[PDB]
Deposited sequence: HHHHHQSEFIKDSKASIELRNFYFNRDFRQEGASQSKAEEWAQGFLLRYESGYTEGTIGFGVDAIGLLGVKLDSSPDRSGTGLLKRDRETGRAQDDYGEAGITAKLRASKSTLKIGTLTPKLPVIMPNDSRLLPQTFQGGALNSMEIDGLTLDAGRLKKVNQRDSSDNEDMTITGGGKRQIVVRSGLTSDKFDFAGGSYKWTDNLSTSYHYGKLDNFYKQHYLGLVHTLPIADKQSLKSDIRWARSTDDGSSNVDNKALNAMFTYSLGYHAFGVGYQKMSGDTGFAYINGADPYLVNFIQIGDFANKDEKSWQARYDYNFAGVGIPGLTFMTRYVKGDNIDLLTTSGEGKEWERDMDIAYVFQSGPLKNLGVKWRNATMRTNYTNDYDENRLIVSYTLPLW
């Protein structure tokens, strides 16, 4: 009980989420949206009881309330935790972080899942996972529901009418060959929707200090599971050369097969050119990204960061008409974290995006996220 209490943590987060969206047609505004919401996030994580098999429990209290634009939404979640040696089993509310499932947390409240998961690190450098998710609790929702696949746009994903799934199975692993090179292999199956094999290779190469080249290479094969037409290969890689407080990144992404990339509806796709508005994951879509980061600590104003990126996509199959679909997006992020004063740790982040296409709706979008986390101890 010494670790249980001592490793235990609790916190309350205040979270303010604002966004506006302007649909552009010609050089004019066709329509606008605005959402404003306040969040209260209560988190608790126990440590583990002593012994061969340790037990712990996590609890989550998420409350969202629309400020303007059911008014109240959110969820309460409990998770039982078991740990033997270096293997941990979790049952209940899960938020896995894997190439085959990246839960959304870009709005007010996180997307969460119900199920059971196993993470294992018994062997030096080897990390294994496996699990089953049964239900998803979307970010704007109040309870748990069957999962579906991300559809729409020109993804050209087609599914049996009314189809839903209460089984997403996953298993995988990753191995650190050196402290600079790891590879990963991950499997995910959304029952009746798709099967997916994800391969990864991450290489960080220090030229000197402080200079580094990170190579992030990825490849996923997705295939149908009886009741969809899913058929996709996704090659996507990012190269990020870091020097001092600058980082310059280049990304490449290519869809092929009869549909775009397959991923749980509501989640984020693990793709290098997935950005603020577009995922550039339509049928046949190829896209290139250029990204620049600067961290103002490099001078005066620690806690202030800048980021901008540009992504250009083409070769999109328009599906019902001939011709090449093209789209492009530019993002600009500015983020500040108070380093001192009574406001310390208060976080504020502005995310700005422009999306333009030659075939569908264009819009601009601004997000302001204000965040403050207070430990209860």
> What ranges of the deposited sequence are left out of this structure?
Replying inline: 1-5, 75-93
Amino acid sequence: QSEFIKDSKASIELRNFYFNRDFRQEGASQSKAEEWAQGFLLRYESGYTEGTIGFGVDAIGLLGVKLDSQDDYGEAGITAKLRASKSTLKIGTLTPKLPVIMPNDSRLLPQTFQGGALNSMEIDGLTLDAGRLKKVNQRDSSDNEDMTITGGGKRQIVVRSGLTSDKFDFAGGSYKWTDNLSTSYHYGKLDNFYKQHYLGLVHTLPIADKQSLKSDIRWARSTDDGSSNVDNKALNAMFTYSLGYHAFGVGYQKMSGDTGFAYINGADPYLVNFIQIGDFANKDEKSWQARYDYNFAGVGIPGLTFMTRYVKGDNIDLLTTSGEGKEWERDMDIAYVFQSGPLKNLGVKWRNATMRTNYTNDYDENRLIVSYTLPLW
From here on, numbers count along this sequence of modelled residues.
> Per the entry, where is the mean C-alpha temperature factor higher: 269-277 or 206-214?
Replying inline: 206-214
> Averaged over C-alpha atoms, is the B-factor higher for 71-79 or for 295-303 in this PDB entry?
Replying inline: 295-303
> What's the residue among 254, 176, 132, 90 with the greatest CA temperature factor in the PDB record?
Replying inline: 176
> If you compare 41, 53, 335, 319, which has the highest Cα B-factor in the entry?
Replying inline: 335
>> Can you tell me whether residue 119 has a C-alpha B-factor in the lowest, middle or highest third compared with the other modelled residues of the same chain?
In response: middle
> What third of its chain's C-alpha B-factors does residue 233 belong to: lowest, middle or highest?
Replying inline: middle
> Within this chain, which third does the Cα B-factor at residue 168 fall in: lowest, middle or highest?
Replying inline: lowest
>> What third of the chain does residue 220 rank in for C-alpha temperature factor, lowest, middle or highest?
In response: middle
> Split the chain's modelled residues into thirds by Cα B-factor; is residue 45 in the lowest, middle or highest one?
Replying inline: middle
